[PDB]
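Here's the letter readout for the chains.
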Amino acid sequence: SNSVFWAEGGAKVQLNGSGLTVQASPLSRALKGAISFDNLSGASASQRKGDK
Amino acid sequence: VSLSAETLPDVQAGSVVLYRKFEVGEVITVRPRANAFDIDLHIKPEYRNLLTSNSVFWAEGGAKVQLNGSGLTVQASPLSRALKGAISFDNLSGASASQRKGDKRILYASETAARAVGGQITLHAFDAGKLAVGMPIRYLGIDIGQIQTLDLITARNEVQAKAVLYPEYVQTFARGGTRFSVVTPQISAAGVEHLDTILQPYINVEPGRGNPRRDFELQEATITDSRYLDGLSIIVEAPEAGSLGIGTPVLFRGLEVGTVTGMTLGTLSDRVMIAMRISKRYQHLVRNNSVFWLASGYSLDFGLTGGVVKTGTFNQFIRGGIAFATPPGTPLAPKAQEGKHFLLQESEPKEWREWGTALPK
Amino acid sequence: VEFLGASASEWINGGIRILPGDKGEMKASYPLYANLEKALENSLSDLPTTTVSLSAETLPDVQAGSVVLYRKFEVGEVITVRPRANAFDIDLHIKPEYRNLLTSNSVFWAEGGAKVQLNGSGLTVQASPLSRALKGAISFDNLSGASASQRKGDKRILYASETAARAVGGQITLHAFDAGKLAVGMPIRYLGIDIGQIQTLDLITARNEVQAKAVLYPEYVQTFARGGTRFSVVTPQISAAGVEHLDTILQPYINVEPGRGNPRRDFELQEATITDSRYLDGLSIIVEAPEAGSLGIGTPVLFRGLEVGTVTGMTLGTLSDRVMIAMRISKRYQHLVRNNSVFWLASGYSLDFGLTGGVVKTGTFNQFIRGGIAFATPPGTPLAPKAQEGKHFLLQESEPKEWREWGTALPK
């Protein structure tokens, strides 16, 4: 019941002090998209609000 | 091979397993557990002996970025390894504790995290804004430790940071009195001191002597020299602190021969005790009957008929130093011991330049 | 796109293709090669013959099948890499026509990796051969100092960088109180020309210092490392007065001041060093002062307001009653130095305010950044002899009143 969804995917090339990270590994994220989900403790209020 | 990882750092099914960047085995599968991921990997029977009980795994990957005189160079990994994946396994000396903890070997999300083995210490800090996960801990510019965990406490108004010190330096450090200081860039009109800390901050270490503690607190300033530590640490009692601080120079005839390790108050709050360390080569310059004064800023004398002012852009106008001298005398006083207390004179002696005391050795 | 072996008609026909030569004795038996490449190479086995053997503790993106290069030209190929007890043995094949391209004195380093370098010259992409970015490239060359590298170890050792491969010559050890400004591969320069390279950084738990191993090139090993040589890590100086060094933001180096004497090969890192090397031929005199004050390394020496020398160093004598400042004067101004010469310390701004007269003047002198030392000569018909190499003067506590009206005529 307590779960949150967000949209990842998009060809992401991040440059920082740690270096360069490319986030097009699965080869389908850069073409279609990726949606990542997880379970949180405060997601009960998000589930209650809205239709779904 | 079975590994556990809370997060998956670009592994996926079918990734390449490497022993110092050489194809040894392949990742069979990744299965999501209740709160982590269990990774099953296969290795060749001929290469089963390449790993032992003390082994560490980390996730490599795509590319490396180097900023230097030639510019910004992006050296990429080979295309096959970058596309399929890269998990590299090595053997360490401190990996025995990692093997003992947990059910079995645990996959690490970074090479630094995998290499972070050894003794464990806890640092209490009043602000974690300058702290970060994976922050290096250095003594004389050499990596000797790494911060691995940052935790905030609601009850006590402080941040507890867990750090791992390498087995080669765990015995030398963490012996009580050890000072850890987060170095910050100093860009001012006087000059620039630290500029690599813009991108790669670290924690400088000043070692101490005593019984092991393994529980320290983050300081604000620390002498990044470690050359006066072998010398005498004397105390100067002053009515007021003023411009003094950590790193304040100690001057014999205008030459920096020592530094100020720290400042504190005594049992009775009537004076400020400044602990300062002098160099070994200038140790014989310290005598029992030695006069100390505070040289801070610019001091000038203007008589009723004579106006003469002089400036010398001294470092005392950034950190007000303490100068010392010795009055002349045929019987020389014995050298000061390890613990010796002097009194800070309120004014510079008038004829200290004409003394010319001969100090042997 | 390569479609070799046989065409469509050649495949539907089948058989054995014949490549004629020029002359032969019609031997009884002939070998059957797998393809045209093996037929030309005269290799019966699939793998080529092993010609080059290398040892490497770590593998810097080599893998089996990497490209071997002679100044970025395809010469041979890496056959295989085998893991030993504590290292990796790399076997490589070279062509018989190109076997003469390498000799006893040769060095190998690892280039390959998809390198996109951005700088003022522009953008350079180093994935041209299309196999370097996938497998790897190993480049080899011939050096003069590679004889020591050949002697050390069992055989030739692959280097992880071109600078590491080129780092050959004499070996020196530098003791430093802080290695934060030191790094692996740090250049060591004299007058802006690369003459050495730092190769190893080691921390000592017993002695509170860092020992850095450096390699000096054979062309400069004899000239330097002769005792008294000063190595100083240059740092950027961004202040309100101005900016002096800005390439050290990205590429720091170690400036060298050479010395004269017996060879030492064991030095210590200093803090400041005169980066001029133009006063070194001149006289190095000593000035004794009651106090140091604003003096330091690089402090100017002024004759009538013109910089004619610098301060090489400061120290204390055998008896700790005065500060001895060693300063080097220029050759062209060497005759300006006399036995009866008066030296004074010009630091900051000095003004006189009488009981009835107030006149103050400022001149934004460099003495307000580095308090200089000025000198003059009192007038006299018999001129004193010129000062020798070792001459000691005394620093006057105050500027002479009428030094401007002297006007001493100094010949040459």
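Residues numbered from 1 in each chain as written, not as in the entry; some residues may be left out. Chains lettered and ligands numbered in written order. Part of a larger assembly, values for the part shown. Heavy atoms only, no water.

- By the method listed in its record, cryo-EM, this PDB entry was determined to a resolution of 3.5 Å.

## Focus on the environment of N339(C)
Residues and elements named next belong to chain C.
Moving on, step 1. Position of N339 relative to the elements: it lies in the loop between β19 (323-329) and β20 (342-346).
Moving on, step 2. Residues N339 and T377, spaced 38 residues apart in sequence, show a C-alpha to C-alpha distance of 9.0 Å.
Moving on, step 3. For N339, the contacting residues outside a window of four places in its chain are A384, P385, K386, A387, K391 and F393. (Helix = DSSP H or I, 4+ residues; strand = E, 2+ residues; numbered from the N terminus. Contact = heavy atoms within 4.5 Å.)

## Considerations on the environment of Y220(C)
Residues and elements named next belong to chain C.
Moving on, step 1. Among the secondary structure elements, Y220 is positioned in the loop between β12 (210-216) and β13 (230-233).
Moving on, step 2. Accessibility expressed as a relative area gives 29% for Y220, which makes it partly exposed.
Moving on, step 3. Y220 sits 24 residues away from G196 along the chain, and the two C-alpha atoms are 8.5 Å apart. (Buried < 20%, exposed > 50% of the residue type's maximum accessible area, 1.4 Å probe, protein only.)

## Digging into the side chain of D38(B)
Residue and element names in this part refer to chain B.
Moving on, step 1. Relative to the assigned elements, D38 resides in strand β4 (residues 37-42).
Moving on, step 2. Put simply, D38 is tucked away with no salt bridge, and the nearest opposite charge, on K104, sits 4.2 Å away.
Moving on, step 3. When near neighbours in sequence (up to four residues on either side) are disregarded, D38 contacts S2, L3, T29, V30, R31 and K104. (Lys, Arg positive; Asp, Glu negative; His and termini not counted. Salt bridge = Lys/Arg side-chain N within 4 Å of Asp/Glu carboxyl O.)

## A look at the pairing of strand β18 (residues 255-265) of chain B
All names here are of chain B.
Moving on, step 1. Inspection of the sheet shows strand β17 (residues 249-252) paired to β18 by four bridges, in the antiparallel sense. Counterpart to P249 in the pairing with β18 is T259.
Moving on, step 2. Bridge count for β18 against strand β19 (residues 272-278) is seven bridges, and the pairing is antiparallel. Bridge pairing in β19 links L265 to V272.
Moving on, step 3. Joining the antiparallel neighbours β18 and β19 is a turn of six residues. (Pairing = 2+ DSSP bridges.)

## Points about the interface of chain C and chain B
Moving on, step 1. Contacts between the two partners involve 60 residues from chain C, matched on the other side by 64 residues from chain B.
Moving on, step 2. Summed over both sides, the interface between chain C and chain B buries roughly 5,000 Å², with carbon and sulfur atoms accounting for 56% of that surface.
Moving on, step 3. Its largest share of buried area at the contact with chain B, chain C owes to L203(C), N208(C) and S320(C), together 12% of the area lost on that side.
Moving on, step 4. Seen at the junction of chain C and chain B, the total is two salt bridges.
Moving on, step 5. Between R227(B) and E271(C) there is a salt bridge, with the nearest N and O atoms lying 3.9 Å from each other.
Moving on, step 6. Here chain C and chain B share 20 residue pairs in polar contact between them.
Moving on, step 7. The element that contributes the greatest number of residues to the side of chain C that touches chain B is strand β6 (residues 114-119) of chain C, accounting for six residues.
Moving on, step 8. Taken together, the residues of the side of chain C that touches chain B sort by class into 29 nonpolar, 20 polar and eleven charged.
Moving on, step 9. Two strands pair when backbone bridges link them, and strand β22 (residues 307-309) of chain B and strand β21 (residues 351-353) of chain C are joined in this way by three bridges, in the antiparallel orientation. Residue pairing for β21(C): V309(B) is matched across the bridge by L351(C). (Buried area = accessible area lost by both parts, 1.4 Å probe. Polar contact = N/O pair within 3.5 Å; in protein donor to acceptor, adjacent residues only side chain to side chain. Nonpolar A, V, L, I, M, F, W, Y, C, P; charged D, E, K, R; others polar.)

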